[PDB]
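Spelled out from the first residue to the last, the chains are:
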Amino acid sequence: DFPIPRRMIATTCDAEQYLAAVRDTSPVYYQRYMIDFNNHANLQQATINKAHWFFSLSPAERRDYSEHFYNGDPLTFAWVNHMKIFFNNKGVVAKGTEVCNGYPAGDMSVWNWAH
């Protein structure tokens, strides 16, 4: 479960299905991530790309990335918590991964949030 939770290694969802699931099941964590995201306008495209990349990986690739690559990435150097909503809280991850497969694939509105 360190550093990438097992449920994220295993999920068949895309990034936007997972975010929509978190938006509904852990609203405060969604919003806190989106405030952080909105504080890094510069890094939004890179972050979305990285999310897309990770969700395109197979479980074995994610496990390989988890144990031999993640940590030291450019995006970490620039914004430590760029993937926090995906990797940080096992409870958030568990609730999101439970129901994300029901949500619309590729719905990019989940990356657009304001107060």
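Residues numbered from 1 in each chain as written, not as in the entry; some residues may be left out. Heavy atoms only, no water.

- Per the PDB record, this model was obtained through X-ray crystallography at a reported resolution of 2.0000 Å.

## Quick word on unusual backbone geometry
- With an omega of -15°, the peptide bond running from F2 to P3 counts as cis.
- Take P3: it is sitting in the segment before α1 (6–10).
- The backbone of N71 shows a phi angle near 105°, a positive value even though the residue is not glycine.
- Among the structural elements, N71 can be located in the loop between α5 (59–68) and α6 (74–78). (Helix = DSSP H or I, 4+ residues; strand = E, 2+ residues; numbered from the N terminus.)

## Some points on the packing of helix α2 (residues 15–25) against helix α8 (residues 90–99)
- Put simply, α2 and α8 touch, their axes get as near as 8 Å, and they point 115° apart. Between α2 and α8 lies a crossing whose hand is right-handed. Together, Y18, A21, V22 and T25 of α2 and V92, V93, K95, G96, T97 and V99 of α8 make up the contact between the two elements.
- Residue classes in the contact of α2 with α8 are distributed as six nonpolar, three polar and one charged. (Axes fitted to C-alpha atoms, helices over the stretch in contact; angles between N-to-C directions. Left-handed = near helix turned anticlockwise from the far one by under 90°. Contact = heavy atoms within 4.5 Å. Nonpolar A, V, L, I, M, F, W, Y, C, P; charged D, E, K, R; others polar.)

## Overview of empty space enclosed by the protein
- Applying the stated rule across the entire model yields one cavity of 30 Å³ or more.
- Within this model, the largest cavity holds a volume of roughly 70 Å³.
- Considering the residues around the largest cavity, the lining is formed by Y29, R32, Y33, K84, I85, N88, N89 and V92.
- Of all elements in the fold, only α3 (27–38) and α7 (84–87) reach the threshold of two or more residues within the lining of the largest cavity.
- Looking at the lining of the largest cavity element by element, the count peaks at three residues for α3.
- Looking at the lining of the largest cavity residue by residue, the class counts come to four nonpolar, two polar and two charged. (1 Å grid on protein atoms, 1.4 Å probe; cavity = no way out; pocket = protein on both sides within 12 Å on 5 of 7 lines; lining within 4 Å. Points joined across faces, edges and corners; volume = space filled by probe spheres on them.)

## Quick look at the side chain of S66
- Topologically, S66 is positioned in helix α5.
- We classify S66 as buried; its relative accessible area is 5%.
- Once residues lying within four places of it in the same chain are set aside, the contact partners of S66 are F2, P3, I4 and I9. (Buried < 20%, exposed > 50% of the residue type's maximum accessible area, 1.4 Å probe, protein only.)

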